[PDB]
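Novice: experimental structure and sequence below.
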Number of protein chains: 4
Amino acid sequence: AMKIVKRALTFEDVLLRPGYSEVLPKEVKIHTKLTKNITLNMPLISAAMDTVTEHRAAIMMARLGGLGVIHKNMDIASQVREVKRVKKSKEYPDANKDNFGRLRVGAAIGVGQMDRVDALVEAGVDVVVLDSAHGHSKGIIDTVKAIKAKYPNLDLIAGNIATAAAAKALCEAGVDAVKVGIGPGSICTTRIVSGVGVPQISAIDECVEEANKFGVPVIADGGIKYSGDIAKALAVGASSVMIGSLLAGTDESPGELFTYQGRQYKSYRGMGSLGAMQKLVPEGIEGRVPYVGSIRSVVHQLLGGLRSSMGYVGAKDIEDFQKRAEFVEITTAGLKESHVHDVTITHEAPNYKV
Amino acid sequence: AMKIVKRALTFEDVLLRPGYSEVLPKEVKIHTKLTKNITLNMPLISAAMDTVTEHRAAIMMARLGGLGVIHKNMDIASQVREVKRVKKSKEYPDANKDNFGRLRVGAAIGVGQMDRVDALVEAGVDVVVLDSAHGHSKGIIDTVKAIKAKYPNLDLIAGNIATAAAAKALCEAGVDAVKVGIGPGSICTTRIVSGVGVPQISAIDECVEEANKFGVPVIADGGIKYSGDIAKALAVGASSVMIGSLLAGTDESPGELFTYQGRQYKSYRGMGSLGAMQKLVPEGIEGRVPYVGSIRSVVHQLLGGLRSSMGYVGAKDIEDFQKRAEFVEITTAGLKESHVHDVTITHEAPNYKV
Amino acid sequence: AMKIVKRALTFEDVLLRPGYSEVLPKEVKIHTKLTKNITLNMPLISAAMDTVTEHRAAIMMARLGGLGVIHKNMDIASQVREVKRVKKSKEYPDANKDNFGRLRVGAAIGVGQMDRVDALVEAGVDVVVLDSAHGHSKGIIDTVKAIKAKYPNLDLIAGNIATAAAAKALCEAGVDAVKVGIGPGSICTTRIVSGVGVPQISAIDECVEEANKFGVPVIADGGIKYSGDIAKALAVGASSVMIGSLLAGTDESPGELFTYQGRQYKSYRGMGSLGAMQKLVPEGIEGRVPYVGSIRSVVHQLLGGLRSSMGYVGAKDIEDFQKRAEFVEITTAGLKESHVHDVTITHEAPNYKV
Amino acid sequence: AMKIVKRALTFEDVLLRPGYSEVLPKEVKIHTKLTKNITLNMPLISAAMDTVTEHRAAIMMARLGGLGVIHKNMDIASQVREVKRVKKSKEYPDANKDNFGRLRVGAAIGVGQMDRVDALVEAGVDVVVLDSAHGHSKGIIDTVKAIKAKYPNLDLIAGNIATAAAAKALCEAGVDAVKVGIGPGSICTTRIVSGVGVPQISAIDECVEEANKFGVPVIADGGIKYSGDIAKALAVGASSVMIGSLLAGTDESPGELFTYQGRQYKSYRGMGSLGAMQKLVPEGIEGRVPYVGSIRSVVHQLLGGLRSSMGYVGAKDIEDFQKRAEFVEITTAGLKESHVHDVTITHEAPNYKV
Ligand SMILES: C=C(C)c1cccc(C(C)(C)NC(=O)Nc2ccc(Cl)c(OCC(=O)O)c2)c1
Ligand SMILES: C=C(C)c1cccc(C(C)(C)NC(=O)Nc2ccc(Cl)c(OCC(=O)O)c2)c1
Ligand SMILES: C=C(C)c1cccc(C(C)(C)NC(=O)Nc2ccc(Cl)c(OCC(=O)O)c2)c1
Ligand SMILES: C=C(C)c1cccc(C(C)(C)NC(=O)Nc2ccc(Cl)c(OCC(=O)O)c2)c1
Ligand SMILES: O=c1[nH]cnc2c1ncn2[C@@H]1O[C@H](COP(=O)(O)O)[C@@H](O)[C@H]1O
Ligand SMILES: O=c1[nH]cnc2c1ncn2[C@@H]1O[C@H](COP(=O)(O)O)[C@@H](O)[C@H]1O
Ligand SMILES: O=c1[nH]cnc2c1ncn2[C@@H]1O[C@H](COP(=O)(O)O)[C@@H](O)[C@H]1O
Ligand SMILES: O=c1[nH]cnc2c1ncn2[C@@H]1O[C@H](COP(=O)(O)O)[C@@H](O)[C@H]1O
Ligand SMILES: [K+]
Ligand SMILES: [K+]
Ligand SMILES: [K+]
Ligand SMILES: [K+]
């Protein structure tokens, strides 16, 4: 009776196979494309979350080569102000800038918020990010058309989706990039609360093969725990990666440092948690992540993982990485061997914890 | 030598794939059918357990649109009295009522208890629930025929079964619904103690495809830990769901509140545990579940999960949900990504715990 | 390069499917056959281990319908004495006795110990049990022939083996039963220490299909954690089951009661552990098991599980059980649903712990 | 879109099947070949790590029949000195010696260090070990040719690799043995940090079938937790095994004993950890391993496992072991049965811990 279409695997089910290599990790190029008209010098985007990205985080992401998306849990006026501070802000040679030398910045919108879009455009946002829980819906697709009718030349990302049929529908409505991720987020409970989702490695795979038909890049959003997950998302064919938890414990994220039982924390929470929505049925939780320092130093570790990986595969840039990469499927016992095992860590590494 | 018929999967092995959607979670209809002659406004039934359902729980389930089944661990006179209080009991627009405006109520019976059935009918029970450990047996089938010979027009549910062959035999004996579940219950030890059972998602699938041949609905009984499990049971083709643990910690359940080490609990126990049967060989245990409050607020969270799910699938009602739903099979690493991960929860959600 | 012959499953990978049933658990017959010439009234044998079986344990096993095997970690004279006390020992209607009314008893031997065999025969042991770490070897097979040349009419069990090729070789040498189990024991480390073994459910399956060709029954030895494991071993086609850990915490086992941190224990240890062999390379460990009481009450729980199971399958006796049984293969998530889950046990059951 | 070439299994996914045996564990021969021109009396090599091997460890490995590789985290002069002390150093009948009676010793080199190679050769190292993170690279292959052009008769091992294509390229460049292992090490984080690696049992299998075409032996490097893992690596077709963690807690390893919370430890760390490299992106961690005593006693336990295993398979020497061995694939439940289970260890074994 039940129709089961696929056995689906996430990040910790696969490994990249090494290949012949004449590249060194320090020599590879990691520039990529955010949208079909905007490129990144580095493939990372901080997530559109009121405990991750605001102007200070967005400034550093762009200075470092990526992008930050200003969350929408604020009044239009404040979000316009946050955009204007990124755009009116060297030692940052790889900085991502628009045609006039100003740093690039993205902002989030929701369905039926044209007024917000009019104000964000006047402030000069580079890309607007149209977030829903369910991207493959009449409300989202109708909003993509309304925005494209009024602002044909504004870059518009739509999400989130997890199927080839969803990618085709958002691409046909004329978006400039698709965000993939139903359920994988650290703070997300959608898959438990509603039963719905597609494990991320399979979701990216399905959506990349469909979107490539339209020349539309795919943003892998959610479920990154380690730098190797970035390498794998990019290698499957995604063009960039959105990070929440890994950036939430930085200096630049909103919220202050606190210490609890001898460890330092910042708070981090789902945009569909009770606290962020202040009866309601949430699909996120509120919690804490360990303080990790500046964004620059987290980013440096993350890209060092990416560069290391592309060295092992022998790829000179991201699309060579994508054409060269072959994976293997691993077992639970395989995962445990990959991690640290049979040794007690006494000096924690800056890129591998607990 | 050994004959292995199937690899069988439970709830945490699958996810629902999202599909195109023009529905909103608040707009879907969740009315369904309890038996081939009785419908529910909501698909939940509280379980026939002396720590879950008695008159106060059964009143609220029906007021809210479902049903409560009065357990049989009591003398006939007391069970008749509990039935009469539900039926002699607005702000509850979706209340489930019989033709005369009285709330609907079910009661449990066992094999060879005609006298109990005669008294429950005089009190006007809507549906009697014939519980055994092994529904696919000569004793159960012979009892189904005896009751149907004397009370052709009384709705009769029989269980529990876990195979297509069992569903066909209870449907041929002329039951009005079949209860599926050998082993999956929270407090159940049958699968460990006797080696016998079928994982629940596979058991429902096998029994729905057989019972649909007779027009007989299937009640998914046991193993619901989260609201998403409800969505999946309904999507595989079951028509309603029986809940024990999730309701056992409510105000309306029998038993009083107690506090232990700073947390509030109510007790909950198997009907085949030593304590409930007071040498004996049990197939259940006695334990405690956290206090969760009123039934109305648990139910509100549970259905919010169901509604959310049907939104993601794009279904306007339960049978559209059933025809639209396609699943994926997931791995252990996939399950861990679905849950909250790499974050420490600090503000517990009302629908997702530990 | 590597040759992989089979994916192999143990007990916790399968469940018995229920079938139509006209039997009740109290009505089934559980008599079986120990060797091709000796029958048991119950299918349990206590293991030949110096912390499990000695005369008091062997007396109770036989009184209850099974057998105890006197371990060989003692001088010939003492083992003869222990045998003579079982045979010179109602309220035990199902007692297992020889032709003269004396209780049946088995003893263990090793390779090249004819003298021990001569003395055990004079004392009237019913069956000698020829234990090795590796039954499928020239030493074991040559010993089986030497014993059968001198004592054609003495029942002789040989083990342990885990392959069809091993069963054929011990059956061709003319044993009367084969013991299956490399590695599965609770206290065993062979599979970790040497890399060698076959998971038990697959090992029994392979060896039963081969031994049935000779009319030789198979004893499932090791890896029983719960009564359901017994049901499954018998259902795959094994004729009886050897138990170590589950009996080691009884009154009748050798060793005294002790209390540690408020719990009662008896000690239990591998016959290939350092302590039992008193540089050496062990394949067992020394430890403790919770005190569980009399053998009669453990046995009563174990057989209640067996009887319950045969009720669910609809089998009137063990061979009907074997011909009726169909299994399903389950997942990790399936195993967790079978166990108690989402509830905290507060009153431990007599047949299901931690 | 994604290309998945293989489902890959590590050590804890397989078991060796027993076969007919006329060997006893004490009678088997475990001599093997380190390189196509150098043999070992025992198949173990201590790893080239500044917390495992220096002159005292290398002396004992060779005295016992294997080899130690002097790590390169030191100035050329010191490494030359450490080599000279091994070679200027009975009760050790199986000692591994060169043609003149001096103990054999290996040393590690890196890319572009000809000067180090010139000095190590003058000191009379038997084999140089060319370590990289990525053996299948232009830098490694070009170094193999430079060394072979200047020192045709010097034995040269190159690693690490994890694919058949890598083995073919290092064999074509004319190495004398290949080291297999990307990621499996106890202290290694490469697979998490970069996403790259092949589970070890599959990696050895792929590389042995390719290298055998050239007559080049394969060294299984990393991921050994128990003696059974050695047996399995050798049985798949590897010719020798490199050990880090299991030897790091010995007397002979560099570093002193310390006690922490009542247990004795020595420290052990990745060669790609921050501490060993003293911004940097590590692929190893720093930690501690329990003190286990002399190397002789660890080695005695390890080989006792190997000998035990070859007894169960019925193999007289390593290549008979390789031609006889057939495996089975096991489940998670199978792994748990293999370990100690349902018993609390109270007297720890010298070859099986926690
Ligand atoms: C990132 C997530 C998950 C998220 C973010 C903020 C809020 C939510 C809340 C409200 C908890 N959850 C939903 O809206 N869930 C849902 C589910 C199905 C449909 Cl069709 C739907 O319709 C779209 C809309 O209403 O915009 C919505 C979730
Ligand atoms: C929900 C369960 C599991 C359950 C509820 C209350 C009691 C039981 C006890 C008694 C522990 N367990 C059994 O009766 N177990 C069993 C097993 C096989 C057969 Cl055929 C059987 O025959 C039917 C009958 O006897 O009504 C019965 C169990
Ligand atoms: C139940 C087990 C496992 C067991 C019981 C008591 C002792 C052992 C010790 C000695 C630890 N282990 C062995 O003998 N192991 C072994 C392994 C292979 C062969 Cl061929 C072999 O040859 C037979 C013999 O020697 O009788 C033996 C083990
Ligand atoms: C045993 C390991 C893993 C290891 C040992 C010492 C250091 C490292 C550090 C530096 C952390 N990691 C790397 O060099 N990683 C890497 C990754 C890819 C390539 Cl192509 C590469 O190029 C070769 C070279 O540079 O010699 C290197 C690792
Ligand atoms: O409340 C929520 N429910 C579900 N997903 C969320 C919620 N809040 C944020 N997300 C998504 O989760 C991602 C962050 O996941 P993370 O990188 O694993 O921490 C964000 O990019 C969002 O797409
Ligand atoms: O003692 C028992 N043994 C086995 N199943 C039981 C027992 N008591 C109740 N059940 C079943 O378990 C279900 C509750 O499971 P739960 O929803 O997971 O807590 C009830 O609907 C009963 O069908
Ligand atoms: O030292 C040992 N190594 C391996 N197996 C053992 C050892 N001692 C006893 N056994 C076996 O393990 C069985 C008991 O396993 P258990 O029932 O799981 O506790 C006995 O029947 C023996 O066949
Ligand atoms: O920093 C590192 N990263 C990755 N692998 C390492 C590192 N240091 C040592 N190794 C490898 O790990 C092996 C030891 O692994 P182990 O035997 O599991 O402890 C050594 O033989 C090296 O090949
Ligand atoms: K590792
Ligand atoms: K999640
Ligand atoms: K259960
Ligand atoms: K074991």
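Specialist: Thanks, I have the structure now. Residues are numbered from 1 along each chain as shown, chains lettered A, B, ... in the order given. Ligands and ions are numbered 1, 2, ... in the order given.
Novice: can you list the residue ranges for helices in chain A?
Specialist: Here chain A has its helices, by DSSP state H, at A:55-64, A:76-87, A:114-122, A:138-150, A:164-172, A:190-194, A:200-211, A:227-236, A:245-248, A:274-277, A:295-313, A:318-324, A:332-338.
Novice: list the buried residues for the longest one?
Specialist: Same thing as helix A:295-313. With burial defined by 16 or more other Cβ atoms under 10 Å in any protein chain shown, the residues of helix A:295-313 counted as buried are A:295, A:298-313. For the C-beta atoms, the positions are set from N, CA and C on the backbone; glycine is no exception.
Novice: same question, the last one
Specialist: For helix A:332-338, the buried set under the neighbour-count rule, 16+ other Cβ under 10 Å, comprises A:332, A:333, A:334, A:335, A:337, A:338.
Novice: cool, the fourth one as well?
Specialist: The neighbour-count criterion (16+ other Cβ under 10 Å) identifies A:139, A:140, A:141, A:143, A:144, A:147, A:148 as the buried residues of helix A:138-150.
Novice: kindly report the same for the fifth one.
Specialist: Neighbour counts using 16+ other Cβ under 10 Å place A:164, A:165, A:166, A:167, A:168, A:169, A:170, A:171 of helix A:164-172 among the buried residues.
Novice: the last one contacts residue A:165, correct?
Specialist: No. The criterion here is Cβ atoms under 8 Å, and residue A:171 misses it with residue A:165 at 10.9 Å.
Novice: give me the common contacts of these two.
Specialist: By Cβ atoms under 8 Å, 6 or more residues apart in numbering or on different chains, residue A:171 and residue A:165 have no common neighbours.
Novice: name the residues of chain A found near ligand 4, please.
Specialist: Contact residues (Cβ under 6 Å from any ligand atom) of chain A with ligand 4: A:21, A:24, A:25, A:308, A:311, A:312.
Novice: mind putting the helices of chain A into CSV with distance to ligand 8?
Specialist: Below are these laid out as CSV (distance: least, Cβ to the nearest ligand atom, whole Å):
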stretch, distance to ligand 8
helix A:55-64, 27
helix A:76-87, 39
helix A:114-122, 46
helix A:138-150, 45
helix A:164-172, 38
helix A:190-194, 34
helix A:200-211, 24
helix A:227-236, 13
helix A:245-248, 22
helix A:274-277, 40
helix A:295-313, 11
helix A:318-324, 22
helix A:332-338, 9
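Novice: between those, which gets nearest to ligand 7?
Specialist: For those, the distance to ligand 7 is smallest for helix A:332-338, at 22.3 Å, taking Cβ to the nearest ligand atom.
Novice: thought residue A:219 was touching residue A:179?
Specialist: Yes. Taking contacts as Cβ under 8 Å, residue A:219 lies within contact range of residue A:179: 4.7 Å.
Novice: what touches both of those two?
Specialist: By Cβ under 8 Å, 6+ apart, residue A:219 and residue A:179 have these common neighbours: A:157, A:159, A:242.
Novice: quick one on the thing from earlier: between the buried residues of helix A:332-338, which is nearest ligand 3?
Specialist: Closest to ligand 3, out of all of the buried residues of helix A:332-338 and judged by Cβ to the nearest ligand atom, is residue A:333, at 23.6 Å.
Novice: let me see the contact set for the closest one.
Specialist: Per Cβ under 8 Å, 6+ apart, neighbours of residue A:333: D:9, D:10, D:11, D:12, D:13, D:199, D:332, D:335.
Novice: which of these sits closest to residue B:348?
Specialist: Within these, proximity to residue B:348 (Cβ to Cβ) peaks at residue D:332, which comes in at 30.1 Å.
Novice: quickly note the distance from that closest one to ligand 1.
Specialist: 32 Å (Cβ to the nearest ligand atom, to the nearest Å).
Novice: tell me which residues touch that residue, please.
Specialist: Going by Cβ under 8 Å, 6+ apart, residue D:332 touches A:332, A:333, C:332.
Novice: how far away is the first one from residue C:337?
Specialist: Residue A:332 sits 18 Å away from residue C:337, going by Cβ to Cβ, to the nearest Å.
Novice: ends of stretch A:19-32, what's the gap?
Specialist: The straight-line separation of the ends of stretch A:19-32 (Cα to Cα, to the nearest Å) is 22 Å.
Novice: and it, what's buried?
Specialist: A:19, A:20, A:21, A:23, A:25, A:28, A:30, A:32.
Novice: which residues pair with the residue nearest to residue A:189 when sequence neighbours are not counted across the strands?
Specialist: Distance criterion Cβ to Cβ, 6 or more residues apart in numbering or on different chains; nearest residue to residue A:189, sequence neighbours excluded, is residue B:352 at 4.7 Å. Counting by DSSP bridges, residue B:352 is bridged to residue B:349.
Novice: wait, residue B:352 sits on residue A:287?
Specialist: No. Residue B:352 lies out of contact with residue A:287 (Cβ under 8 Å); the separation is 11.6 Å.
Novice: find residues that contact each of these two.
Specialist: Common contact partners of residue B:352 and residue A:287 (Cβ under 8 Å, 6+ apart): residue B:340.
Novice: for the residue nearest the centre of chain A, name its beta-bridge partners.
Specialist: In chain A, the residue lying closest to the centroid (Cα atoms, centre = their mean) is residue A:242, at 0.7 Å. Following DSSP bridges, residue A:242 is listed with bridge partners residue A:45, residue A:221.
Novice: list the contacts of it.
Specialist: Counting by Cβ under 8 Å, 6+ apart, residue A:242 has contacts A:45, A:46, A:47, A:69, A:179, A:181, A:219, A:220, A:221, A:222.
Novice: from the chain's centre, how far out does stretch A:309-317 sit?
Specialist: Relative to its chain's centre, stretch A:309-317 lies at 21 Å (Cα atoms, centre = their mean, to the nearest Å).
Novice: that stretch near chain D at all?
Specialist: Yes. Using Cβ under 8 Å from any Cβ of the partner chain, stretch A:309-317 reaches chain D at A:309, A:311, A:312, A:313, A:314.
Novice: equivalent analysis for stretch A:9-20, please.
Specialist: Yes. Against chain D, stretch A:9-20 shows contacts by Cβ under 8 Å from any Cβ at A:14, A:15, A:16, A:17, A:18, A:19, A:20.
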